[PDB]
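First comes the structure, then the notes that go with it.
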Amino acid sequence: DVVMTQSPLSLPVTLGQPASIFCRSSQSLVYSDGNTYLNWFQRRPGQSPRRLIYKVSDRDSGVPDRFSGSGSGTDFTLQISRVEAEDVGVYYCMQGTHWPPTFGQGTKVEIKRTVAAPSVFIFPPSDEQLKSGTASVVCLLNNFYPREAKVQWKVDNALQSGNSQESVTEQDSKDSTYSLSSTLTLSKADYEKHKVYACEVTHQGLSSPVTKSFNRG
Amino acid sequence: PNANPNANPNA
Amino acid sequence: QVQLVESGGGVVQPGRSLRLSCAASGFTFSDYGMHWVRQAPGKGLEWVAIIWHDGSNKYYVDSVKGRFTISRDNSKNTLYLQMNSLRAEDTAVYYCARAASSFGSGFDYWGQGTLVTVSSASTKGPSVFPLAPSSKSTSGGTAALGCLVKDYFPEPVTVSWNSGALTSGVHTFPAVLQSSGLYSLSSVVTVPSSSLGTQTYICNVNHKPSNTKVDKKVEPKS
């Protein structure tokens, strides 16, 4: 099977600047009919994948003209003339000249933007969950940049370890930020043994760590 | 046993 | 207006079978060949199969030959993938895609995909709990609220707000794997704090692998 090697695998780009994604095939993609069957595809957050380019350089319906393709033989390039916030996602080449069609590993495009501090919010467990015997406490860090952030839980000022899990979003297609949730999970009995529940957030856009907290009940 | 790249699967 | 919607993904035991469907709208379905493509852990994207516009030719990647069968019903605008003899390698998101008029150019429109999980574990639908807006989730005239979706298997859960009419400011987080082997996620949204008393915010949770749908109205705390 023909191997499609993309580079780079991660492509951070400043808004409005160009971007180039490269693809090399392990065999020439020129076919005996004169055509070169090299395609590009785009996956975006929240959207179905779509083809952008076929036959090296022909652009699909609904694809902005800032996207173009070039190359020949074994070497091909997808060019974005001026990257926009809505271009975040993963881009794949695919060859169709040889059996079976094969895809490259994908290049993830992300936007480099200005620092943005998170907005920090906290949610106590619902009474409905408490009636079931568990307490989840949620700390939300909304719309920040860069993606690096540190969240710590304190319960009655005792630093917690081992009872929380975090998840971060993909970069937003409009404002190029990330959001993150951290969930502290305790039994109902343990939850009822303590008063102050706090999450402390450290991030480049904050001059010092910010604490958000509540008193049970 | 394979589809060639110029095969047309459409109407 | 071309739309492709896959369904049928869920858990399946090794060696058993699962049928996927793909519902097409917005074009003359019988005019187009159709493909299946999948995205498996550690493998990236893999072409799986094609069927001609009229069902007259079918081709398959070697590893699914003798196991998968592609078919279609043009009168119902539907494409099928019958998956037999399932293998652990088959866990993946399966996409249907509309064929290009040359095979080597692939396919233009795709669906959003349906996730197939090969596993001996039982399906379990989620519990859904409100993340109520309060004085602890407001800043600068904005309020955050959400829903916590706990303890389901396999992935995925999808979340919409107000039946899809509320999309601005929504974040639905990637699921986390708990030590139990079950998944959990949350979905949040930021809204005006001024109208918490007059607007209704409902999270619509769908766990298609268990046929579980939950609509939860999120009430403000005061």
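Just the heavy atoms: all of them, side chains too, but no hydrogens, waters or symmetry mates, feed the values below. Below, chain A is the first sequence line, B the second, and so on; all start at residue 1.
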request  = Tell me, out of A:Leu180, A:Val138, A:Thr185, who's got the most heavy-atom pairs with chain C below 4.5 Å.
outcome  = A:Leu180

key: Toward chain C, the part of A:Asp175 with a non-hydrogen atom under 4.5 Å   = neither

note = Within residues 215-222 of chain C, the residues sitting under 4.5 Å from chain A by heavy atom, in sequence order, are C:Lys216

key: Enclosure of A:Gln204 CD (heavy-atom neighbours >12, cutoff 6.0 Å)   = no

key: Side chain A:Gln129, main chain C:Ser127, donor-acceptor under 3.5 Å   = no

request  = Report yes or no: do C:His171 and A:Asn143 form a side-chain donor-acceptor pair below 3.5 Å?
outcome  = yes

ask   = Which value, rounded to the nearest 0.5 Å, describes the distance between A:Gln165 atom CD and C:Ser179 atom OG?
value = 7.0 Å

note = From the list C:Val37, C:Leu4, C:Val61, C:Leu177, the residue making the most non-hydrogen contacts under 4.5 Å with chain A is C:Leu177

key: Pairwise side-chain contact, A:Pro49 with C:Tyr95, heavy-atom cut-off 4.5 Å (strictly under)   = yes

query = Do the non-hydrogen side-chain atoms of A:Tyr92 and C:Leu45 ever get within less than 4.5 Å of each other?
reply = yes

note = To the nearest 0.5 Å, atom OG of C:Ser105 lies from atom CG of A:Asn35 at 7.5 Å

request  = List the atom of A:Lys55, the atom of C:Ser102, and the distance in Å for their closest heavy-atom pair.
outcome  = CE-OG, 4.2 Å

Heavy-atom side-chain proximity of C:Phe173 to A:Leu140 below 4.5 angstrom = yes

note = Output for pair (C:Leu148 CG, A:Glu128 CD), nearest 0.5 Å, gives 10.5 Å

ask   = Which answer fits C:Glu46, side chain, backbone, both or neither, if we ask what part of it has an atom under 4.5 Å from a heavy atom of chain A?
value = backbone

query = chain C: which of A:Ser61, A:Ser179, A:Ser213 shares the most heavy-atom pairs with it under 4.5 Å?
reply = A:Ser179

key: Donor-acceptor pair, side chain of A:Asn39 and main chain of C:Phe107, under 3.5 angstrom   = no

Non-hydrogen atoms of C:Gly111 and A:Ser48 that approach each other most closely = O-CB, 3.4 Å

inquiry  = What residues of residues 131-144 of chain C make heavy-atom contacts with chain A at a cutoff under 4.5 angstrom?
reply    = C:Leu131, C:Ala132, C:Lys136, C:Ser137, C:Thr138, C:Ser139, C:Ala144

ask   = Got a donor-acceptor contact below 3.5 angstrom from the A:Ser167 side chain to the C:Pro174 backbone?
value = yes

inquiry  = Could you check whether atom CG of A:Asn157 has more than 12 heavy atoms from other residues, nucleotides or ligands sitting under 6.0 Å from it?
reply    = no

message = Can you tell me how far apart CZ (C:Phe103) and OG1 (A:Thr97) are? Round to the nearest 0.5 Å.
response = 11.0 Å

A:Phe123 versus chain C, the contacting section by heavy-atom distance below 4.5 Å = side chain

Side chain / backbone / both / neither for A:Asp172 at chain C, heavy atoms under 4.5 Å = side chain

note = Rounded to the nearest 0.5 angstrom, the CZ-OG distance for C:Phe129 and A:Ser136 is 7.5 Å

key: Shortest non-hydrogen contact between C:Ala100 and A:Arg51, atoms and distance   = CB-NH1, 3.5 Å

Engaged part of A:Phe121 at the chain C interface, taking heavy atoms whose separation is under 4.5 Å = both

Heavy-atom contact with chain C under 4.5 Å, split by part of A:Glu170 = neither

request  = Tell me whether the centres of the aromatic rings in C:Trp110 and A:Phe41 are closer together than 6.0 Å.
outcome  = yes

query = What part of C:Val93 is in contact with chain A, defined as an atom under 4.5 angstrom from a non-hydrogen atom: side chain, backbone, both or neither?
reply = neither

